[PDB]
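> Take this structure first; my questions come after.
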2 protein chains.
Amino acid sequence: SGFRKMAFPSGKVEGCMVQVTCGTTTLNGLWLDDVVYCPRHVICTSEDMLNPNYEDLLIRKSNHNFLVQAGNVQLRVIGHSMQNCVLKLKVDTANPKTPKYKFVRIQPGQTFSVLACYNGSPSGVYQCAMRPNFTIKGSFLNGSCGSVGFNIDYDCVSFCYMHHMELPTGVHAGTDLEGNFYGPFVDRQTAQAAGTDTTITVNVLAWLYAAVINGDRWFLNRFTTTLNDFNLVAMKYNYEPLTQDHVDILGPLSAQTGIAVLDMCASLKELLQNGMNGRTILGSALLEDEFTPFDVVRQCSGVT
Amino acid sequence: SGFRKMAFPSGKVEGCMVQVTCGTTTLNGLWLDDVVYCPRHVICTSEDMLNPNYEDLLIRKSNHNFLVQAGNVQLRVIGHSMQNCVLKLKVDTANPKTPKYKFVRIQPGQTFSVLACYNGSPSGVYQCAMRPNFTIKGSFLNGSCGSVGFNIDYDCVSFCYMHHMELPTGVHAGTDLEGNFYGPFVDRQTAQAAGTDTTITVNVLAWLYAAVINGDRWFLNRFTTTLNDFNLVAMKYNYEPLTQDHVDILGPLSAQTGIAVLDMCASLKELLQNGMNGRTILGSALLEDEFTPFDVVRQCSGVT
Ligand SMILES: Cc1ccncc1CC(=O)Nc1cccc2c1CNCC2
Ligand SMILES: Cc1ccncc1CC(=O)Nc1cccc2c1CNCC2
């Protein structure tokens, strides 16, 4: 029992972190096989930041300008290419610690672990969700760029995020491992609107099921609702509309607890309309949306 | 910017996890050098649980009865001994992945990361605090016993906790790595009173400083207080009394922000007396006490 905001064990990812320096800029790279992936803004100086012409800046660089260091050893760079907002530095040595891996583009509302790094060294690990507006609320300081987000399925690490930028609002933006930004963001030092965010309804319901499984049941009520009625409430409270696909994904948790999804929706409806009245659920005084239904089942079943 | 409940990178600890089986019981062990540490209750059956005579149960066991498996390879057990509530299984092979390590007994109110494991395999990592009453609010299922808590200082892992038990209340109890329980707990299947818990005042103030550093400042007020006046409020709200040692530990955060510790105490006093009024601080609707002043500085400075 107990329910925590659990991250994946970061070991397989720690073995891939390297430091990449170009000119006077240092950030993190991800070394998989004989390629090191890092944000392309490593080639920028301070004057470039506002409106960089990455193609021109990269043309002034040669393989020997990209200093890649894996802990204490130096990697020899034999190729460089830009793919969207990432640089791919071909090195002459395959990473001996390369785990089984995939590059994936996650959907908004999905969760992943971040291994925050500075100078190629891991500092900490935390779990977060990709917001519906494609930002993440991380913990990143200057030098953390190139830190990655990932999920693990037994022995396979699916890398889904590489950190690039902190928006003026203090929220974070980045790319998939092919260098495509999540959201409308560009790698420029400029104010950039992040869309209106919403609460991930299916995740809140998953977390309410986790609460019931772990003994927090005070919020269960005598009511039910419909998808239409619940969605009128979700609209008013800036929650994502619930669909039958979301109900279907909540099926295993509904079966385990015996609480029909629409009955849990009626509990969530009452919590939205009345608040918590100074009470808590799983140690939180707000409705938590950073656990997917898959996360709840995994944590509640002890998947390793 | 941003502030997260960050765990240490778990890689150095993942390399030490093994599975220990004795009879029909399987749990986790920690393999450091040529010794495997695990909870002594691995030698119990279901009838033993209520009042085990561990000395007698251990006498019926021989080295070959303790099956230790590190991933896919079997370790040869050449010695066994019980030290308090832990068993130490001497093996013929030193763990090649043994990091630099220490065994430490942490103080209540201090924080650490837990690498939850099942069958010797890591499932997830999370950060928590040792409560003032010596329990931890973890996320542990049957089979997680032997999972450990730790802190990391550059390359040295200080192991501070080994998981043993879930109390009937759903909170967790365990030992230091010498097998001494934190708190009054015994490794028996019985109802055991956990003392009255309190909120870790110095940690809440550290987290309020983290909030100010990261932009959440609405709670700052025009007031100040004294240690005596603040402690009358801490008493009423079940908070640990603040001492000059706690004020001194908050010195670096007070210096960085320019907010005197007693002025932050007056902000905390107003939050205790009036609540949050439906507002949030660092994404929380309650006063968070699982970050020490050291954690706040480490996260805010990017220590790797
Ligand atoms: C300060 C910080 C904190 C947390 N996470 C990231 C950062 C740095 C950042 O946003 N860098 C950046 C992002 C887009 C483009 C460029 C840069 C840097 N100059 C080159 C052009
Ligand atoms: C079920 C669970 C969930 C989370 N964490 C731990 C557990 C198991 C547990 O409390 N075991 C235990 C703790 C003290 C003593 C003994 C045992 C087992 N039998 C032997 C004597």
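Numbering starts fresh at 1 for the residues of each chain in the structure tokens, the chains themselves are lettered A, B, ... in the order given, and ligands are numbered from 1 as they appear.
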Could you list the residues in chain A lying within 7 Å of chain B, using only C-alpha atoms, and format the result as a PyMOL selection string?
chain A and resi 1-11+14+118+121-126+137-141+170+285-286+302-304
> Would you put the residues from that selection into a file with C-alpha atoms, as a PDB file, in the first residue's frame?

```
ATOM      1  CA  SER A   1       0.000   0.000   0.000  1.00  0.00           C
ATOM      2  CA  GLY A   2       0.858   3.656  -0.387  1.00  0.00           C
ATOM      3  CA  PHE A   3       1.002   5.685  -3.567  1.00  0.00           C
ATOM      4  CA  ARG A   4       3.941   7.792  -4.675  1.00  0.00           C
ATOM      5  CA  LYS A   5       4.924   9.890  -7.710  1.00  0.00           C
ATOM      6  CA  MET A   6       7.361   7.184  -8.786  1.00  0.00           C
ATOM      7  CA  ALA A   7       9.984   7.554 -11.499  1.00  0.00           C
ATOM      8  CA  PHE A   8      11.528   4.677 -13.500  1.00  0.00           C
ATOM      9  CA  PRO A   9      14.924   3.467 -12.227  1.00  0.00           C
ATOM     10  CA  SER A  10      17.332   5.758 -14.054  1.00  0.00           C
ATOM     11  CA  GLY A  11      20.373   3.449 -14.316  1.00  0.00           C
ATOM     12  CA  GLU A  14      22.642   7.337 -16.579  1.00  0.00           C
ATOM     13  CA  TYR A 118      24.405  19.022 -15.632  1.00  0.00           C
ATOM     14  CA  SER A 121      26.343  14.097 -14.793  1.00  0.00           C
ATOM     15  CA  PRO A 122      22.997  12.958 -13.412  1.00  0.00           C
ATOM     16  CA  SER A 123      21.624  15.073 -10.585  1.00  0.00           C
ATOM     17  CA  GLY A 124      18.153  13.626 -10.017  1.00  0.00           C
ATOM     18  CA  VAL A 125      15.118  11.818 -11.332  1.00  0.00           C
ATOM     19  CA  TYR A 126      11.482  12.783 -11.299  1.00  0.00           C
ATOM     20  CA  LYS A 137       6.443  21.494 -15.491  1.00  0.00           C
ATOM     21  CA  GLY A 138       9.980  20.267 -14.777  1.00  0.00           C
ATOM     22  CA  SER A 139      12.890  21.279 -12.587  1.00  0.00           C
ATOM     23  CA  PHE A 140      15.626  22.475 -14.880  1.00  0.00           C
ATOM     24  CA  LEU A 141      18.361  25.040 -14.528  1.00  0.00           C
ATOM     25  CA  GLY A 170       9.055  29.115 -16.077  1.00  0.00           C
ATOM     26  CA  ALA A 285      -5.056  18.620  -1.345  1.00  0.00           C
ATOM     27  CA  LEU A 286      -5.638  18.938  -5.110  1.00  0.00           C
ATOM     28  CA  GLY A 302       4.678  -4.057  -8.659  1.00  0.00           C
ATOM     29  CA  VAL A 303       5.845  -4.363 -12.299  1.00  0.00           C
ATOM     30  CA  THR A 304       9.676  -4.387 -12.511  1.00  0.00           C
TER      31      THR A 304
END
```
> Which polymer residues have any atom within 7 Å of an atom of segment 222-227 of chain A, counting only C-alpha atoms, with same-chain residues fewer than 4 positions away left out, as a PyMOL selection string?
chain A and resi 231+242+262-263+265-266
> With N, CA and C atoms retained, could you export that selection as a PDB file, in the first residue's frame?

```pdb
ATOM      1  N   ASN A 231     -19.005  15.826 -18.932  1.00  0.00           N
ATOM      2  CA  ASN A 231     -18.279  16.726 -19.828  1.00  0.00           C
ATOM      3  C   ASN A 231     -18.731  18.173 -19.756  1.00  0.00           C
ATOM      4  N   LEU A 242     -13.927  13.783 -21.405  1.00  0.00           N
ATOM      5  CA  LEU A 242     -13.761  12.348 -21.280  1.00  0.00           C
ATOM      6  C   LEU A 242     -14.433  11.667 -22.471  1.00  0.00           C
ATOM      7  N   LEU A 262     -18.397   5.678 -14.728  1.00  0.00           N
ATOM      8  CA  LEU A 262     -19.294   6.828 -14.593  1.00  0.00           C
ATOM      9  C   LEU A 262     -19.619   7.164 -13.131  1.00  0.00           C
ATOM     10  N   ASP A 263     -19.579   6.173 -12.228  1.00  0.00           N
ATOM     11  CA  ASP A 263     -19.748   6.451 -10.799  1.00  0.00           C
ATOM     12  C   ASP A 263     -18.519   7.207 -10.293  1.00  0.00           C
ATOM     13  N   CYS A 265     -16.684   9.139 -12.143  1.00  0.00           N
ATOM     14  CA  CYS A 265     -16.901  10.462 -12.750  1.00  0.00           C
ATOM     15  C   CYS A 265     -17.813  11.324 -11.880  1.00  0.00           C
ATOM     16  N   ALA A 266     -18.866  10.717 -11.280  1.00  0.00           N
ATOM     17  CA  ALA A 266     -19.759  11.462 -10.397  1.00  0.00           C
ATOM     18  C   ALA A 266     -19.048  11.879  -9.115  1.00  0.00           C
TER      19      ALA A 266
END
```
> Enumerate residues in contact with ligand 2: an atom-to-atom distance of at most 10 Å, counting only C-alpha atoms and all ligand atoms. Format the result as a ChimeraX atom specification.
/A:1-2 /B:25,27,39-52,54,85,138-147,163-168,170-174,185-190
> Next, the residues of the selection above should be written as a compact mmCIF listing (two decimals), in the first residue's frame with N, CA and C atoms.

```txt
# COMPACT_ATOMS: atom_id res chain seq x y z
N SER A 1 0.81 -1.19 0.00
CA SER A 1 0.00 0.00 0.00
C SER A 1 0.86 1.26 0.00
N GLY A 2 0.21 2.38 -0.24
CA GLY A 2 0.86 3.66 -0.39
C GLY A 2 0.93 3.97 -1.86
N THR B 25 9.86 -18.12 0.78
CA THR B 25 9.81 -16.67 0.83
C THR B 25 10.88 -16.08 -0.06
N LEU B 27 12.46 -12.20 -1.30
CA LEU B 27 12.50 -10.75 -1.13
C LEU B 27 13.79 -10.19 -1.73
N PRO B 39 16.25 -8.44 4.92
CA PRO B 39 15.52 -8.53 6.18
C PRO B 39 15.54 -9.96 6.68
N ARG B 40 15.70 -10.11 7.99
CA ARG B 40 15.77 -11.45 8.55
C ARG B 40 14.44 -12.20 8.42
N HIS B 41 13.31 -11.49 8.21
CA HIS B 41 12.03 -12.20 8.08
C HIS B 41 11.97 -13.08 6.81
N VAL B 42 13.00 -13.04 5.92
CA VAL B 42 13.03 -13.97 4.78
C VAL B 42 12.99 -15.46 5.27
N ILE B 43 13.43 -15.72 6.52
CA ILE B 43 13.44 -17.09 7.05
C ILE B 43 12.10 -17.54 7.66
N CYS B 44 11.09 -16.67 7.67
CA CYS B 44 9.79 -16.98 8.22
C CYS B 44 8.85 -17.57 7.20
N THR B 45 7.96 -18.43 7.68
CA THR B 45 6.83 -18.96 6.90
C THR B 45 5.57 -18.13 7.35
N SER B 46 4.33 -18.53 6.97
CA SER B 46 3.15 -17.77 7.38
C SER B 46 2.79 -17.97 8.86
N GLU B 47 3.00 -19.17 9.39
CA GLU B 47 2.72 -19.43 10.81
C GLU B 47 3.71 -18.70 11.74
N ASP B 48 4.94 -18.43 11.26
CA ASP B 48 5.97 -17.77 12.05
C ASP B 48 5.69 -16.30 12.29
N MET B 49 5.17 -15.59 11.27
CA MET B 49 4.87 -14.16 11.24
C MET B 49 4.39 -13.51 12.54
N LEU B 50 3.47 -14.14 13.27
CA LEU B 50 2.88 -13.55 14.47
C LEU B 50 3.88 -13.34 15.61
N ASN B 51 4.68 -14.36 15.95
CA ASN B 51 5.69 -14.21 17.00
C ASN B 51 6.88 -15.09 16.66
N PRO B 52 7.70 -14.68 15.69
CA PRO B 52 8.83 -15.54 15.30
C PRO B 52 9.99 -15.56 16.28
N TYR B 54 13.33 -15.79 15.79
CA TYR B 54 14.31 -15.72 14.71
C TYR B 54 15.55 -16.53 14.96
N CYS B 85 17.83 -7.02 13.02
CA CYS B 85 16.81 -7.56 12.13
C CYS B 85 17.27 -7.82 10.71
N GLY B 138 5.66 5.27 2.25
CA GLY B 138 6.22 4.81 0.99
C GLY B 138 5.18 4.26 0.05
N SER B 139 5.63 3.47 -0.91
CA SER B 139 4.77 2.77 -1.85
C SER B 139 5.43 1.42 -1.95
N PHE B 140 4.91 0.46 -1.22
CA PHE B 140 5.51 -0.84 -1.10
C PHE B 140 4.44 -1.88 -1.10
N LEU B 141 4.64 -2.94 -1.84
CA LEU B 141 3.72 -4.07 -1.87
C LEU B 141 4.47 -5.27 -1.32
N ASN B 142 3.76 -6.40 -1.12
CA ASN B 142 4.40 -7.64 -0.69
C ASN B 142 5.49 -8.03 -1.72
N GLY B 143 6.65 -8.38 -1.23
CA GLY B 143 7.78 -8.68 -2.10
C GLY B 143 8.77 -7.51 -2.16
N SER B 144 8.35 -6.30 -1.74
CA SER B 144 9.26 -5.15 -1.75
C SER B 144 10.25 -5.13 -0.59
N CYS B 145 10.09 -6.01 0.43
CA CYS B 145 11.02 -6.02 1.56
C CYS B 145 12.44 -6.20 1.11
N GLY B 146 13.35 -5.48 1.74
CA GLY B 146 14.73 -5.49 1.31
C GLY B 146 15.04 -4.35 0.37
N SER B 147 14.01 -3.64 -0.17
CA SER B 147 14.25 -2.43 -0.96
C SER B 147 14.91 -1.40 -0.03
N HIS B 163 13.70 -1.70 3.79
CA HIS B 163 12.28 -1.88 4.04
C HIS B 163 11.97 -3.21 4.68
N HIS B 164 11.17 -3.19 5.77
CA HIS B 164 10.78 -4.45 6.40
C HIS B 164 9.32 -4.70 6.46
N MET B 165 8.52 -3.67 6.78
CA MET B 165 7.15 -3.95 7.16
C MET B 165 6.17 -2.87 6.84
N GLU B 166 4.93 -3.29 6.62
CA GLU B 166 3.83 -2.37 6.48
C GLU B 166 3.00 -2.56 7.73
N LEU B 167 2.79 -1.48 8.46
CA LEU B 167 1.98 -1.51 9.67
C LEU B 167 0.51 -1.61 9.26
N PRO B 168 -0.39 -2.06 10.17
CA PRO B 168 -1.81 -2.15 9.81
C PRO B 168 -2.42 -0.86 9.27
N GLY B 170 -1.05 1.09 7.09
CA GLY B 170 -0.60 1.34 5.72
C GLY B 170 0.65 2.19 5.61
N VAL B 171 1.30 2.50 6.75
CA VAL B 171 2.56 3.24 6.74
C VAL B 171 3.69 2.21 6.88
N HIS B 172 4.92 2.64 6.58
CA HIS B 172 6.02 1.71 6.46
C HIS B 172 7.09 1.84 7.53
N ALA B 173 7.70 0.70 7.86
CA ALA B 173 8.72 0.63 8.88
C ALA B 173 9.87 -0.22 8.40
N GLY B 174 11.05 0.15 8.85
CA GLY B 174 12.25 -0.54 8.45
C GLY B 174 13.44 -0.21 9.31
N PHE B 185 9.33 -0.13 16.40
CA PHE B 185 8.81 -1.29 15.69
C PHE B 185 9.64 -2.55 15.84
N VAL B 186 8.92 -3.68 15.78
CA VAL B 186 9.47 -5.03 15.80
C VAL B 186 9.03 -5.74 14.53
N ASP B 187 9.83 -6.70 14.06
CA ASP B 187 9.48 -7.45 12.86
C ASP B 187 8.57 -8.62 13.20
N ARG B 188 7.35 -8.26 13.60
CA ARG B 188 6.30 -9.19 14.00
C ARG B 188 5.02 -8.72 13.36
N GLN B 189 4.16 -9.67 12.98
CA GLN B 189 2.86 -9.34 12.43
C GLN B 189 1.96 -9.03 13.61
N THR B 190 1.99 -7.78 14.04
CA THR B 190 1.17 -7.33 15.17
C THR B 190 0.86 -5.86 15.01
```
> Can you tell me, as JSON, numbers by chain, what residues are no more than 10 Å from segment 195-203 of chain B when counting only C-alpha atoms, ignoring any on the same chain fewer than 2 positions away?
{"B": [108, 109, 110, 111, 129, 130, 131, 132, 133, 134, 135, 183, 184, 192, 193, 205, 206, 207, 208, 209, 231, 234, 235, 237, 238, 239, 240, 241, 242, 243, 245, 246, 247, 249, 250, 265, 268, 287, 288, 289, 290, 291, 292, 293, 294, 295, 296]}
> Mind checking DSSP for segment 127-213 of chain A and telling me the helix (DSSP H, G or I) residues as a list in words?
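Answer for segment 127-213 of chain A restricted to helix (DSSP H, G or I) is residues 201, 202, 203, 204, 205, 206, 207, 208, 209, 210, 211, 212 and 213 of chain A.
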> Quick one: pick out all strand (DSSP E) residues within segment 34-139 of chain B from a backbone DSSP run and write them as a PDB file with N, CA and C atoms, in the first residue's frame.

```pdb
ATOM      1  N   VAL B  35      29.063  -9.331   0.597  1.00  0.00           N
ATOM      2  CA  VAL B  35      27.992  -9.565   1.562  1.00  0.00           C
ATOM      3  C   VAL B  35      26.661  -9.137   0.940  1.00  0.00           C
ATOM      4  N   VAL B  36      25.601  -9.908   1.204  1.00  0.00           N
ATOM      5  CA  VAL B  36      24.246  -9.590   0.780  1.00  0.00           C
ATOM      6  C   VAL B  36      23.464  -9.335   2.060  1.00  0.00           C
ATOM      7  N   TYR B  37      22.801  -8.184   2.135  1.00  0.00           N
ATOM      8  CA  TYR B  37      22.018  -7.772   3.293  1.00  0.00           C
ATOM      9  C   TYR B  37      20.561  -7.909   2.957  1.00  0.00           C
ATOM     10  N   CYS B  38      19.771  -8.501   3.845  1.00  0.00           N
ATOM     11  CA  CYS B  38      18.331  -8.607   3.585  1.00  0.00           C
ATOM     12  C   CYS B  38      17.579  -8.676   4.908  1.00  0.00           C
ATOM     13  N   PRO B  39      16.254  -8.440   4.919  1.00  0.00           N
ATOM     14  CA  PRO B  39      15.517  -8.534   6.176  1.00  0.00           C
ATOM     15  C   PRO B  39      15.541  -9.960   6.683  1.00  0.00           C
ATOM     16  N   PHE B  66      19.864 -20.400   1.464  1.00  0.00           N
ATOM     17  CA  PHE B  66      19.662 -19.022   1.035  1.00  0.00           C
ATOM     18  C   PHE B  66      20.025 -18.902  -0.427  1.00  0.00           C
ATOM     19  N   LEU B  67      19.022 -18.809  -1.275  1.00  0.00           N
ATOM     20  CA  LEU B  67      19.244 -18.725  -2.701  1.00  0.00           C
ATOM     21  C   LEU B  67      19.370 -17.287  -3.084  1.00  0.00           C
ATOM     22  N   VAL B  68      20.562 -16.896  -3.547  1.00  0.00           N
ATOM     23  CA  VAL B  68      20.792 -15.498  -3.922  1.00  0.00           C
ATOM     24  C   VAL B  68      21.076 -15.429  -5.398  1.00  0.00           C
ATOM     25  N   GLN B  69      20.293 -14.629  -6.126  1.00  0.00           N
ATOM     26  CA  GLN B  69      20.433 -14.520  -7.565  1.00  0.00           C
ATOM     27  C   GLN B  69      20.550 -13.039  -7.940  1.00  0.00           C
ATOM     28  N   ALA B  70      21.627 -12.683  -8.635  1.00  0.00           N
ATOM     29  CA  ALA B  70      21.899 -11.329  -9.097  1.00  0.00           C
ATOM     30  C   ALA B  70      21.530 -11.352 -10.567  1.00  0.00           C
ATOM     31  N   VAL B  73      22.462 -14.649 -12.662  1.00  0.00           N
ATOM     32  CA  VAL B  73      23.493 -15.487 -12.072  1.00  0.00           C
ATOM     33  C   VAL B  73      23.299 -15.742 -10.600  1.00  0.00           C
ATOM     34  N   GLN B  74      23.625 -16.955 -10.214  1.00  0.00           N
ATOM     35  CA  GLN B  74      23.508 -17.420  -8.863  1.00  0.00           C
ATOM     36  C   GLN B  74      24.777 -17.130  -8.067  1.00  0.00           C
ATOM     37  N   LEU B  75      24.608 -16.646  -6.844  1.00  0.00           N
ATOM     38  CA  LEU B  75      25.733 -16.393  -5.949  1.00  0.00           C
ATOM     39  C   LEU B  75      25.892 -17.556  -4.990  1.00  0.00           C
ATOM     40  N   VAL B  77      26.711 -18.878  -1.395  1.00  0.00           N
ATOM     41  CA  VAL B  77      26.683 -18.425  -0.009  1.00  0.00           C
ATOM     42  C   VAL B  77      27.598 -19.258   0.843  1.00  0.00           C
ATOM     43  N   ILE B  78      28.602 -18.603   1.416  1.00  0.00           N
ATOM     44  CA  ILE B  78      29.623 -19.243   2.240  1.00  0.00           C
ATOM     45  C   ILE B  78      29.551 -18.882   3.730  1.00  0.00           C
ATOM     46  N   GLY B  79      28.571 -18.072   4.110  1.00  0.00           N
ATOM     47  CA  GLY B  79      28.392 -17.697   5.496  1.00  0.00           C
ATOM     48  C   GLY B  79      27.068 -17.007   5.703  1.00  0.00           C
ATOM     49  N   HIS B  80      26.532 -17.080   6.908  1.00  0.00           N
ATOM     50  CA  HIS B  80      25.302 -16.353   7.223  1.00  0.00           C
ATOM     51  C   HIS B  80      25.314 -15.923   8.662  1.00  0.00           C
ATOM     52  N   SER B  81      24.820 -14.716   8.908  1.00  0.00           N
ATOM     53  CA  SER B  81      24.739 -14.233  10.280  1.00  0.00           C
ATOM     54  C   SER B  81      23.622 -13.260  10.411  1.00  0.00           C
ATOM     55  N   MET B  82      23.053 -13.186  11.599  1.00  0.00           N
ATOM     56  CA  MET B  82      21.984 -12.237  11.849  1.00  0.00           C
ATOM     57  C   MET B  82      22.559 -11.135  12.697  1.00  0.00           C
ATOM     58  N   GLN B  83      22.294  -9.885  12.313  1.00  0.00           N
ATOM     59  CA  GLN B  83      22.726  -8.705  13.049  1.00  0.00           C
ATOM     60  C   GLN B  83      21.458  -7.928  13.255  1.00  0.00           C
ATOM     61  N   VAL B  86      18.597  -7.810  10.444  1.00  0.00           N
ATOM     62  CA  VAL B  86      19.064  -8.113   9.088  1.00  0.00           C
ATOM     63  C   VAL B  86      19.890  -9.356   9.072  1.00  0.00           C
ATOM     64  N   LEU B  87      19.835 -10.050   7.953  1.00  0.00           N
ATOM     65  CA  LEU B  87      20.724 -11.170   7.711  1.00  0.00           C
ATOM     66  C   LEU B  87      21.815 -10.689   6.789  1.00  0.00           C
ATOM     67  N   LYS B  88      23.040 -11.168   7.020  1.00  0.00           N
ATOM     68  CA  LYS B  88      24.220 -10.867   6.237  1.00  0.00           C
ATOM     69  C   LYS B  88      24.670 -12.206   5.697  1.00  0.00           C
ATOM     70  N   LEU B  89      24.580 -12.351   4.387  1.00  0.00           N
ATOM     71  CA  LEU B  89      24.952 -13.579   3.700  1.00  0.00           C
ATOM     72  C   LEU B  89      26.264 -13.335   3.036  1.00  0.00           C
ATOM     73  N   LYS B  90      27.310 -13.997   3.520  1.00  0.00           N
ATOM     74  CA  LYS B  90      28.619 -13.853   2.913  1.00  0.00           C
ATOM     75  C   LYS B  90      28.595 -14.663   1.624  1.00  0.00           C
ATOM     76  N   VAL B  91      29.010 -14.065   0.517  1.00  0.00           N
ATOM     77  CA  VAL B  91      29.060 -14.772  -0.763  1.00  0.00           C
ATOM     78  C   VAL B  91      30.522 -14.886  -1.237  1.00  0.00           C
ATOM     79  N   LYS B 100      31.071   3.253  -4.187  1.00  0.00           N
ATOM     80  CA  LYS B 100      31.622   3.722  -2.904  1.00  0.00           C
ATOM     81  C   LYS B 100      30.379   3.909  -2.025  1.00  0.00           C
ATOM     82  N   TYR B 101      30.419   3.387  -0.817  1.00  0.00           N
ATOM     83  CA  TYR B 101      29.245   3.440   0.028  1.00  0.00           C
ATOM     84  C   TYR B 101      29.570   3.568   1.495  1.00  0.00           C
ATOM     85  N   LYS B 102      28.555   3.962   2.255  1.00  0.00           N
ATOM     86  CA  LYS B 102      28.573   4.056   3.708  1.00  0.00           C
ATOM     87  C   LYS B 102      27.214   3.584   4.211  1.00  0.00           C
ATOM     88  N   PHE B 103      27.164   3.128   5.454  1.00  0.00           N
ATOM     89  CA  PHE B 103      25.905   2.824   6.110  1.00  0.00           C
ATOM     90  C   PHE B 103      25.697   3.951   7.091  1.00  0.00           C
ATOM     91  N   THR B 111      15.598  13.340   4.513  1.00  0.00           N
ATOM     92  CA  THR B 111      14.977  12.757   3.339  1.00  0.00           C
ATOM     93  C   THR B 111      15.908  11.764   2.681  1.00  0.00           C
ATOM     94  N   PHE B 112      15.348  10.882   1.850  1.00  0.00           N
ATOM     95  CA  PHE B 112      16.153   9.926   1.112  1.00  0.00           C
ATOM     96  C   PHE B 112      15.355   9.368  -0.036  1.00  0.00           C
ATOM     97  N   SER B 113      16.045   8.728  -0.983  1.00  0.00           N
ATOM     98  CA  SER B 113      15.371   8.103  -2.115  1.00  0.00           C
ATOM     99  C   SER B 113      15.223   6.635  -1.841  1.00  0.00           C
ATOM    100  N   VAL B 114      14.132   6.055  -2.313  1.00  0.00           N
ATOM    101  CA  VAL B 114      13.867   4.630  -2.178  1.00  0.00           C
ATOM    102  C   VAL B 114      13.865   4.042  -3.551  1.00  0.00           C
ATOM    103  N   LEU B 115      14.540   2.909  -3.725  1.00  0.00           N
ATOM    104  CA  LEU B 115      14.465   2.199  -4.995  1.00  0.00           C
ATOM    105  C   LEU B 115      13.601   0.998  -4.698  1.00  0.00           C
ATOM    106  N   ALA B 116      12.318   1.083  -5.074  1.00  0.00           N
ATOM    107  CA  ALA B 116      11.395  -0.020  -4.823  1.00  0.00           C
ATOM    108  C   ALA B 116      11.754  -1.156  -5.750  1.00  0.00           C
ATOM    109  N   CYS B 117      11.849  -2.365  -5.214  1.00  0.00           N
ATOM    110  CA  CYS B 117      12.219  -3.556  -5.977  1.00  0.00           C
ATOM    111  C   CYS B 117      11.295  -4.703  -5.654  1.00  0.00           C
ATOM    112  N   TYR B 118      11.172  -5.652  -6.594  1.00  0.00           N
ATOM    113  CA  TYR B 118      10.436  -6.923  -6.425  1.00  0.00           C
ATOM    114  C   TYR B 118      11.264  -7.997  -7.096  1.00  0.00           C
ATOM    115  N   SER B 121      14.478  -7.034  -8.754  1.00  0.00           N
ATOM    116  CA  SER B 121      14.438  -6.132  -9.900  1.00  0.00           C
ATOM    117  C   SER B 121      13.848  -4.791  -9.544  1.00  0.00           C
ATOM    118  N   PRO B 122      14.523  -3.715  -9.948  1.00  0.00           N
ATOM    119  CA  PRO B 122      14.017  -2.372  -9.609  1.00  0.00           C
ATOM    120  C   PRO B 122      12.763  -2.008 -10.375  1.00  0.00           C
ATOM    121  N   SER B 123      11.771  -1.469  -9.654  1.00  0.00           N
ATOM    122  CA  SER B 123      10.514  -1.093 -10.274  1.00  0.00           C
ATOM    123  C   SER B 123      10.362   0.418 -10.366  1.00  0.00           C
ATOM    124  N   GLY B 124      10.877   1.157  -9.383  1.00  0.00           N
ATOM    125  CA  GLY B 124      10.753   2.602  -9.408  1.00  0.00           C
ATOM    126  C   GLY B 124      11.501   3.305  -8.311  1.00  0.00           C
ATOM    127  N   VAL B 125      11.639   4.609  -8.437  1.00  0.00           N
ATOM    128  CA  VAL B 125      12.368   5.399  -7.463  1.00  0.00           C
ATOM    129  C   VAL B 125      11.573   6.604  -7.035  1.00  0.00           C
ATOM    130  N   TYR B 126      11.574   6.859  -5.735  1.00  0.00           N
ATOM    131  CA  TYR B 126      10.861   8.012  -5.214  1.00  0.00           C
ATOM    132  C   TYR B 126      11.558   8.597  -4.019  1.00  0.00           C
ATOM    133  N   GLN B 127      11.301   9.856  -3.766  1.00  0.00           N
ATOM    134  CA  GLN B 127      11.895  10.561  -2.655  1.00  0.00           C
ATOM    135  C   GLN B 127      10.902  10.647  -1.520  1.00  0.00           C
ATOM    136  N   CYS B 128      11.366  10.455  -0.283  1.00  0.00           N
ATOM    137  CA  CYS B 128      10.488  10.608   0.870  1.00  0.00           C
ATOM    138  C   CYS B 128      11.285  11.088   2.083  1.00  0.00           C
ATOM    139  N   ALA B 129      10.583  11.362   3.188  1.00  0.00           N
ATOM    140  CA  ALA B 129      11.228  11.775   4.411  1.00  0.00           C
ATOM    141  C   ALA B 129      11.018  10.690   5.450  1.00  0.00           C
TER     142      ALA B 129
END
```
> Could you check how far atom CA of residue 18 of chain B sits from atom CA of residue 72 of chain A, in Å to one decimal?
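Result for atom CA of residue 18 of chain B versus atom CA of residue 72 of chain A: 28.9 Å, one decimal.
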> When distances are computed from only C-alpha atoms and all ligand atoms, which of A:33, A:175, A:257, A:60 shows the smallest separation from ligand 1?
A:175
